[PDB]
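Worksheet: one structure, shown below.
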2 protein chains.
Amino acid sequence: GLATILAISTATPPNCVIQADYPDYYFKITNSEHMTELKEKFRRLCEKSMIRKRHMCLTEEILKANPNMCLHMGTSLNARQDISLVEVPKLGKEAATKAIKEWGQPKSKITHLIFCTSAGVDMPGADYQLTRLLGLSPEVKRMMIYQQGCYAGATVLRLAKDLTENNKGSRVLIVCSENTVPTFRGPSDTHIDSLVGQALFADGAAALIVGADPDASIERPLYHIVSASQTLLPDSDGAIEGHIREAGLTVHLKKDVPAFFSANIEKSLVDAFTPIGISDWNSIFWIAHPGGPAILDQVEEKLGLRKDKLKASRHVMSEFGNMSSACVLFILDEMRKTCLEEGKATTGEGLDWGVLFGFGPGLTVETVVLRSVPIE
Amino acid sequence: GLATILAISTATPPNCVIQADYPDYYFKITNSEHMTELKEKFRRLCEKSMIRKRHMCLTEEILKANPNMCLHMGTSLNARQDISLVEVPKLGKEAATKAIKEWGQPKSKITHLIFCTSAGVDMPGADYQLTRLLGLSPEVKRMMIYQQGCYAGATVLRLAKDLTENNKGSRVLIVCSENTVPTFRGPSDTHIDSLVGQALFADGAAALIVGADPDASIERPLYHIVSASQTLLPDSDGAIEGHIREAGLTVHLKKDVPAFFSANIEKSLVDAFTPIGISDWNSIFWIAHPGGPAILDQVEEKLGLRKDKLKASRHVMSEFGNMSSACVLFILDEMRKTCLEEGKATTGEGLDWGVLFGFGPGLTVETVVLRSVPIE
Ligand SMILES: CNc1ccccc1C(=O)SCCNC(=O)CCNC(=O)[C@H](O)C(C)(C)COP(=O)(O)OP(=O)(O)OC[C@H]1O[C@@H](n2cnc3c(N)ncnc32)[C@H](O)[C@@H]1OP(=O)(O)O
Ligand SMILES: CNc1ccccc1C(=O)SCCNC(=O)CCNC(=O)[C@H](O)C(C)(C)COP(=O)(O)OP(=O)(O)OC[C@H]1O[C@@H](n2cnc3c(N)ncnc32)[C@H](O)[C@@H]1OP(=O)(O)O
């Protein structure tokens, strides 16, 4: 009996942010409307982001109160920490509440808790904050995944698979919770790649229950975590870097990070699926972290995916933005849900085998082979 | 076949710091020698710390260059980050190098890597830095445990047990690496409990190889990780807290944290050892995080331990200080080693069953049941 995903649920801050209105509002509130060339640069980024809206607990009101989070390098870590460390477990609890409610079991049957965030660290961490908030057993075995960035959505299923398979009867609550409080800053023309960050990053929390050997009479499998791998890309050092600094979380990118992922992604597909005997990347279903459209576009190209292998992935991208570790989890709610409503054979867009990708610092590719479960 | 510890090794910065000379040097270099009452307070703390020496990569030379790390709340996170993020994986590599060398297998047989530190976070983290430094397979499955404080020495064996038992043929490199770069500050009489921090915290790196089903002909078991539990202490909220701030890692303690651990520790001993049928806490061997002497003293009292159940633990305490997640690991090297040299029946001070405790924020108690292996 494999680690089986029994329930999923998501939560986002109330404040919707329309990407069409963002380049004006951003350069208004960062008092930069005279970098007209940079403003148009950022307008192009936002239009090609393929993100309709984003959710952000960070509002205009909070930003007016903290001017230094509106500068590019404003001394602002404390102010961000003060917001973010409350907001991370809070918005994680909203999602967790609903995921338990869907799972249909008392919270005292949750033996393990995996919490994951890059929006700020603390001692004790958001694992403790969330355990106190939900009222879980004081004996829950917790794993606190801090600052692992955008591949960490698959990390948390790679973690949970081992936790749950080596501990008969166990049930893991996973909570990913992410926000832009530590990364929001004003623009700088010595630092264009931070504009890339400002066009993509959103807030979002996702929660799962994972357990092996599900009880057929009281819980409903959605996916089976078959395998999970992790690899570093050759010659990719420095491509993504993020430092926690007196100015918050500074994020420094390279232009050809979309090229590193596309070039190398088949290596991971071959490593994972060839021993299974699967070689046609269109014959599987697809979850891929929408880090940027350029990542997903180029993997679609290099591999020859039909125009809609990545529908669910790009859909969550446009409706929510880059919510770091949560995206891959949101995408599985969308596709699990949408299949049922459109009545496809399996939660895997009718297909049997699936792949789930996380991309982030290293550069790192997390490769999770899934199995769908039938519908109706 | 249980998760078996195959090899251990330790490393420390060159700069030895004699606790007898520390209260003068500390108040000299923090330019505070006129808080004569506070200086004597700190002199009492240091004398009762039962710490002979500590190792610190942070030297007088580095401290003279960074005056703001000598103030109590000096804006200093960047300067500390700049030191610490190099030093963490570096000193972890020294230890890891030797642990592989003792294990007697090529580094390409290391399938997993668990890295653990509270001395500073980064993106990518010290898992990546250390993987690049040692030259491990790019496919090593990494778990990056950030900012889990002083119980994290047992966290990393609780993690490794599941990793290695659910992945036939696997071999886990654990590296804990800790230092006082982010926590060193000058004294403050509104903040006495930070003086407690200054009397105890040391630098130290520890590395292990953990694997289930060892090959009898080429690796030598030292311990078996039987079980691992984690619990929060009732009414203990706020007792230990640490925030990563513009001034570095601020650490705020409560006076009765030694009382929380002693009062509750038997709960965990009963939970772990009663199903095994073991009820005499003197009949087992003992590793306990020497967070402060008051912790170990009071657990010795509340439970009735003979005067030398805690010898190895207090020994590493006096010779090295509070090195956070590493201490519990150093203690297992000491006791494993010393038994052999004094020729006792088993690596467990001649005993069969053992306990290993981690203590830190939450408040959190990590309880790991070990098994010794025979000697000669
Ligand atoms: C630490 N991380 C995190 C932490 C927490 C949460 C999340 C994360 C992360 O998210 S992890 C990060 C993973 N995602 C990515 O790295 C994004 C990959 N890129 C794309 O997805 C698309 O490319 C865009 C950006 C939508 C542009 O759209 P598009 O127009 O199609 O691209 P173009 O190259 O044609 O031109 C676009 C114009 O912007 C310029 N420029 C674009 N890129 C970069 C870049 N790197 N560095 C420096 N400059 C750049 C470029 O020079 C050009 O100006 P010009 O020089 O041309 O004037
Ligand atoms: C985030 N964490 C980390 C992160 C990275 C790495 C490591 C960590 C950690 O390490 S996690 C932390 C786990 N360890 C502990 O919490 C230590 C437990 N305590 C002891 O081990 C012993 O007690 C001492 C301290 C040696 C004193 O020795 P001792 O003399 O025997 O104790 P006393 O109470 O008799 O008097 C001692 C004099 O200092 C005063 N005072 C002592 N304590 C405290 C305290 N809390 N808070 C406020 N004031 C205190 C006290 O009022 C008295 O002054 P007076 O008021 O009397 O003048």
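What follows draws every value from the coordinates through simple rules; no lab data is involved. Quick reminder, even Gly has a Cβ in these numbers, built from the backbone with ideal geometry, and neighbours come from all protein chains shown.
Partner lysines whose Cα lies under 18 Å from the Cα of A:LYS254, excluding those fewer than 8 positions away in the same chain, are identified as A:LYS41, A:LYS48. Comparing Cα centroids, region A:79-145 and region A:310-376 end up 23 angstrom apart. For B:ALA228, the residues 5 or more places off, or on other chains, whose built amide H falls under 5 Å of its own are B:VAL369. Could you pull out which residues in region B:44-87 have an amide N less than 13 Å from a spot 7 Å beyond the Cα of A:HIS252, following the Cα-Cβ vector? Hits in region B:44-87 for A:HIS252 at 13 Å: B:82.
Can you give me the relative contact order of region A:84-134 as a percent, contacts being Cα pairs under 8 Å and 6 or more apart? Value for region A:84-134: 61 percent. Distances between placed amide hydrogens fall under 5 Å for B:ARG171 paired with B:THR111, B:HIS112, all partners being 5 or more residues away or on another chain.
With an 8 Å cut-off on Cα pairs and a minimum separation of 6 or more residues, tell me the relative contact order of region A:1-115 in percent.
Relative contact order, region A:1-115: 38 percent.
If you place +1 on the Cβ of every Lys and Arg and -1 on the Cβ of every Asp and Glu, how big does the dipole about the Cα centre of chain A come out, in debye to the nearest 20?
500 debye
Amide H contacts of B:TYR223: B:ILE5, each under 5 Å away and 5 or more positions distant or on a separate chain (H built 1.01 Å from N in the peptide plane; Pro and chain starts excluded).
Spread over its residues, the convex hull of the C-alpha atoms of region A:113-153 is 67 Å³ per residue. Basic side chains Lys and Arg get +1 at the Cβ, acidic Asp and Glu get -1 at the Cβ, and with that the dipole of the protein assembly as shown about its Cα centre reaches some 220 debye. The packing ranking of peptides A:194-201, B:130-137, highest mean first, is A:194-201, B:130-137, where packing means the average number of other beta carbon atoms within 10 angstrom of each residue.
For region B:300-368, the pair-distance distribution built from all alpha carbon pairs, in bins 5 Å wide starting at 0, is 3, 14, 23, 27, 21, 9, 2, 1 percent. Highest mean first, the peptides A:25-38, A:169-182 sorted by other C-beta atoms within 10 Å per residue fall in the order A:169-182, A:25-38. For the listed peptides B:114-120, B:309-315, a ranking on the average number of other beta carbons within 10 Å per residue, highest first, reads B:114-120, B:309-315.
For region A:1-109, the alpha carbon convex hull comes to 162 Å³ per residue, rounded to a whole number. Sequentially through region A:251-256, phi angles give Karplus couplings (6.51, -1.76, 1.60; θ = phi - 60°) of 10, 10, 10, 10, 5, 9 Hz, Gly and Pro residues having no value and appearing as x.
The calculated FRET efficiency for B:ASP189 paired with B:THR59, based on their beta-carbon distance and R0 = 30 Å, is about 0.70. For A:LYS267, go through the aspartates and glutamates and keep the ones whose alpha-carbon is under 13 Å away, minus same-chain ones fewer than eight residues off. Filter leaves A:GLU366, B:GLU139. What separates the B:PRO14 label point from its copies, with the point 7 Å along Cα to Cβ, is 6.0 nm, written shortest first. Only one residue of B:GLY242, B:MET317, B:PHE359 has its Cα farthest out toward the positive end of the dipole of region B:213-360, where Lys and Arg carry +1 and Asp and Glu -1 on Cβ, and that residue is B:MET317.
Across all directions, the shadow cast by the convex hull of chain B built on its C-alpha atoms averages 17.6 square nanometres. Shown for A:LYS41: label points 7 Å from Cα along the beta-carbon vector, and their distances to the equivalent points in the other copies, 5.2 nm in ascending order.
Spacing of the modelled spin labels on A:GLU47 and B:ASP280, each 7 Å from Cα toward Cβ, amounts to 8.2 nm. Under a model in which nothing but the beta-carbon of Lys, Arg (+1) and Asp, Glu (-1) is charged, region A:1-61 shows a dipole of about 280 debye around its Cα centre.
Counting, for every residue in A:116-125, the Cβ atoms of other protein chains within 10 Å of its Cβ and taking the mean gives 6.
Couplings for region B:332-346, taken from phi via the Karplus curve 6.51 cos²θ - 1.76 cosθ + 1.60 with θ = phi - 60°, read 6, 5, 3, 6, 3, 5, 4, 4, 3, 4, 7, x, 8, 3, 9 Hz in order; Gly and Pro are left as x. Give the calculated FRET efficiency between A:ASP352 and A:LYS168 to the nearest 0.05, with a Förster radius of 22 Å applied to their Cβ-Cβ distance. E between A:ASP352 and A:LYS168, to the nearest 0.05, is 0.25.
Per residue of peptide A:228-235, the mean number of Cβ atoms on other chains within 10 Å of the residue Cβ is 4. Sequence gap at least 6, Cα distance under 8 Å: using those rules, report the relative contact order of chain A to the nearest whole percent. Once normalised by length, the contact order is 24 percent.
For the protein assembly as shown, would you read off the P(r) tail past 42 Å as a percentage of all alpha carbon pairs? Tail fraction, whole percent: 27. When its C-alpha radius of gyration is set against 2.2 N^0.38 Å (N residues), region A:264-318 gives a value of 1.12. Taking 0.36 nm per residue of separation and subtracting the current Cα-Cα distance, fully stretching the chain between B:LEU133 and B:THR97 would add 12.0 nm.
Ignoring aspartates and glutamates fewer than eight residues from A:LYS101 along the same chain, the ones with Cα atoms less than 14 angstrom from its Cα are A:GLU219.
Each copy carries a label point for B:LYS254 at 7 Å from Cα along the beta-carbon vector; from one copy to the others these points are 4.8 nm apart, nearest first. With a threshold of 22 Å on the Cα-Cα distance, the over-threshold entries among B:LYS90/B:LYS168; A:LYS107/A:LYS141; B:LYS53/B:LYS311 are B:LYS90/B:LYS168. Once the other residues with Cβ under 14 Å from the Cβ of B:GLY104 are scored (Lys, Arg +1; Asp, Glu -1), what is the net sum? Around B:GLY104, the charge tally is +3. For region B:111-118, putting each phi into the Karplus relation 6.51 cos²θ - 1.76 cosθ + 1.60 with θ = phi - 60° gives couplings of 8, 10, 9, 10, 10, 9, 7, 10 Hz, in residue order, rounded to whole numbers and with x for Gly and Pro. The P(r) of region A:212-314 has a tail past 18 Å containing 61 percent of all C-alpha pairs.
Panel note: the C-alpha atoms of region B:70-204, placed on their principal axes, show extents of 55, 26, 26 Å (largest first). Between B:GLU33 and B:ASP235, the distance separating the two model label sites (each 7 Å from Cα on the Cα→Cβ line) works out to 4.6 nm.
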